[PDB]
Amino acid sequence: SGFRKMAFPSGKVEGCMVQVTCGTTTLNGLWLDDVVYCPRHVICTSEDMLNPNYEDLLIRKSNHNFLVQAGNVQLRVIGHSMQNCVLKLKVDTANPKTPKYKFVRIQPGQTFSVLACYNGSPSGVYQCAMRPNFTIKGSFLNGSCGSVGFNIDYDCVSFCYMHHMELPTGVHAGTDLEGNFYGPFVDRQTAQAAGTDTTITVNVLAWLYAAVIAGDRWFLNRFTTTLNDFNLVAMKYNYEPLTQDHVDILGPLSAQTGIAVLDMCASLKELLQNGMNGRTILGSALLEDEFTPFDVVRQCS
């Protein structure tokens, strides 16, 4: 019935985005209940950027140093604290649009939607994956620090990501909403780059199952490999190794298609060792790895 990279509807998050200014720096904050969450580096001036002491930088800050704007309304900051790399600003008014939400930390290879904002205003929404090297291959420009990534489960918004910085290659790095970085990154203007990335193998298989449910099936073969034998091949092509937990996760698509996982791995192993022979799968010259099994489950039933 058609297949596309889909983001979650962003309305529940749009009602939470506000503008946070400290000094001359302006970025995005997330207004939930009576706290605004944003990257702590909003308190840095030009001199601190090299190696900032965030402990002493925030002691010196006062509540009135933070301008928080929700549209025309200025929210009064009545407290401030720091949780790892995230700044928490207590305001005097709970957000009446606060959705049902929780903070979650995701694993590499999991997907979520980003609501890209600038100066507090939602600009766009896109679906992405946490790469195995803990970067995000989205692109929002400079002013998008504090934009957030999220999933929606039933009616609950799960916030999993906050944008802090762009890396030299144009990929982005950030934290969960408790301020813990994804990846070996620090929120200082120092020498940082993304490690070598790998392909999220479990998502490629999920997407191969999607191509099979779409009737695109030229790649299916009669053969079956072993998990050990497949990982030796995949690890040589900078593919993430495939675990017994990954196999079980794919189970539903296995029983639905009649393609056992290690049967489908024999297909993927030849695509690795042969290339796609000038063909496409689901209209791609390359193998898509930002569809999880659950993304493939939902978008077909």
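A residue's number is simply how far along the shown sequence it sits, counting from 1.
Taking the mean C-alpha B-factor of each stretch as recorded, 148-156 and 186-194 are not equal, and the higher mean is that of 186-194. The PDB entry reports B-factors from which the mean C-alpha value can be compared for 107-115 and 90-98; the larger average falls on 90-98. Across the residues 42, 30, 68, 255, the deposited record lists the maximum Cα B factor for 255. When the C-alpha B-factors of 260, 38, 266, 272 are read from the PDB record, the largest value belongs to 272. In this PDB entry, residue 21 carries a Cα temperature factor that places it within the middle third of its chain's modelled residues. Per the PDB record, residue ranking by Cα B-factor puts residue 166 in the middle third of the chain. Annotation for residue 131: CA B-factor lies in the lowest third of the chain's modelled residues.
Among all modelled residues in this chain, the alpha-carbon of residue 284 has a temperature factor (C-alpha) in the highest third. Compared with the other modelled residues of the chain, the Cα B-factor recorded for residue 141 ranks in the highest third.
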